[PDB]
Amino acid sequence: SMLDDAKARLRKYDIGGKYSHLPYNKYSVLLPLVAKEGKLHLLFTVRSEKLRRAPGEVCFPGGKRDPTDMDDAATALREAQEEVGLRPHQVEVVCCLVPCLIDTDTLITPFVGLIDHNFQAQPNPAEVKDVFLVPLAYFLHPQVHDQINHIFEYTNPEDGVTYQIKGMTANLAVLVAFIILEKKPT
């Protein structure tokens, strides 16, 4: 099946907890995969304009590890719950992708999670201005704008709203699309 095939692909790239004990300032992100209309999508947030770091930018759910977290995956799930109401029973964490090093002292660990078909986002307005889906296949043929660095523009055909996706967020989306969608029969 589509979902079993995605999970099998994702598992081959799982680094596990290899890098997780290293003494960094630690953040986790959840790359939430949603199946709608026979296709996989990624769920993104738009960060509230109130937030000090990167207000109004497109981001994956996630945030800073805290002492309650049993592990890095727990960080991602806690933060996703806080931001979009995703409950742990509504997500299956399939793997841990390559961590992202930033600012010399920070390590961001991404987890890919399969999201339950009955999940409905409940954006928490103190953290998140918007939640939206992008079909995973979009990231194979994105609409690219150069601002000099590359920015994706995605227009939701449901409402015509255009979102700009960039940076680590755009990078991770492409990675996940390659992993899951490369070399598939039609």
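By rigid core we mean the largest C-alpha set that fits within 1.5 Å across both forms. Residues carry their position along the shown sequence, with the first being 1.
Can you check whether 129-137 or 46-54 lies farther from the displayed model in 8 other deposited structures of this protein, averaging C-alpha distances as RMS after superposing on the core?
With the rigid core superposed, the C-alphas that lie farther in 8 other deposited structures of this protein are those of 46-54.
Would you mind checking whether any residues of the deposited sequence sit unmodelled between residue 147 and residue 148, and how many (none, 1 to 3, 4 to 9, 10 or more)?
10 or more residues are missing.
Comparing average C-alpha B factors as deposited, tell me which of 123-131 and 50-58 sits higher.
Higher mean C-alpha B-factor: 50-58.
Please work out which of 171-179 and 6-14 has the higher mean CA B-factor as recorded in the PDB entry.
That would be 6-14.
Maximum C-alpha temperature factor per the entry, among 86, 102, 93, 74, belongs to which one?
Highest C-alpha B-factor among the listed residues goes to 102.
Sorting 63, 67, 142, 32 by Cα temperature factor from the record, which one lands on top?
Of 63, 67, 142, 32, 142 has the highest C-alpha B-factor.
Quick check on the deposited entry: does the C-alpha B-factor of residue 97 sit in the lowest, middle or highest third of its chain?
Tercile = middle for this residue's CA B-factor.
Compare the C-alpha B factor of residue 41 with those of the other modelled residues in its chain, then answer lowest, middle or highest third.
Bottom third by C-alpha B-factor.
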